[PDB]
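Residue numbers are given in the numbering used here: position 110 of the sequence shown equals residue 127, and the series is strictly consecutive. The C-beta atom is built at its ideal place from N, Cα and C for all residues, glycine as well. Have a look at the structure below, then the notes.
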Amino acid sequence: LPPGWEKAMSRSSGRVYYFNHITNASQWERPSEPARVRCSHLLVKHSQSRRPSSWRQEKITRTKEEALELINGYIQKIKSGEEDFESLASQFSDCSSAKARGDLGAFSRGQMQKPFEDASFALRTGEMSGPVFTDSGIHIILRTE
């Protein structure tokens, strides 16, 4: 397999799947570096976030465990097609980029928080991350270019 990916076995069905420990993506299909990428994200903050505050909520009090549950729920809805990433980012991202459907614009290595950067540059175009953790909170990242 490519770097970043490993083969795993579903705990519930026993079927082979693939997991990326850089992006925290997981998928059933066997997966097949850019100078700059463009990403959107949805951030869910928690009480240990660097700044436990956002446009949504002046005092963010949720636990990091509660923040992860919210992230996992949004990922489920996005993957089911029940909701679009853009819709959920606009409504629920704890960051002012919510106003741009989560878009952060284009960037190179050396700009973003490292876990976010590493996930961003390891995603394929159009691919979405699993939960990514930074000092800001927990992120869902969508690489758009």
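For residue i, the three-state DSSP class (helix, strand or coil)
{"i": "residue 113", "result": "helix"}
{"i": "residue 122", "result": "strand"}
{"i": "residue 89", "result": "helix"}
{"i": "residue 108", "result": "helix"}
{"i": "residue 95", "result": "helix"}
{"i": "residue 137", "result": "helix"}
{"i": "residue 42", "result": "coil"}
{"i": "residue 62", "result": "coil"}
Residue i versus the options, residue with shortest Cα-Cα distance
{"i": "residue 25", "options": "34, 142, 155", "result": "34"}
{"i": "residue 84", "options": "96, 69, 98, 95", "result": "69"}
{"i": "residue 67", "options": "130, 134, 135", "result": "130"}
Per-residue burial, residue i [other beta carbons within 10 Å of its own, 16 or more giving buried]
{"i": "residue 15", "result": "With the chain represented from 18 up to 162, any question about residue 15 goes unanswered, as that position is not in the structure."}
{"i": "residue 38", "result": "exposed"}
{"i": "residue 160", "result": "buried"}
{"i": "residue 40", "result": "buried"}
Distance CB(residue i)-CB(residue j) smaller than 7 Å
{"i": "residue 59", "j": "residue 106", "result": "yes"}
{"i": "residue 111", "j": "residue 71", "result": "yes"}
{"i": "residue 81", "j": "residue 65", "result": "yes"}
Query raised in the report: Just checking, does the segment 48 to 62 make contact with the segment 150 to 157 on the three C-beta pairs under 8 Å criterion?
Result: yes
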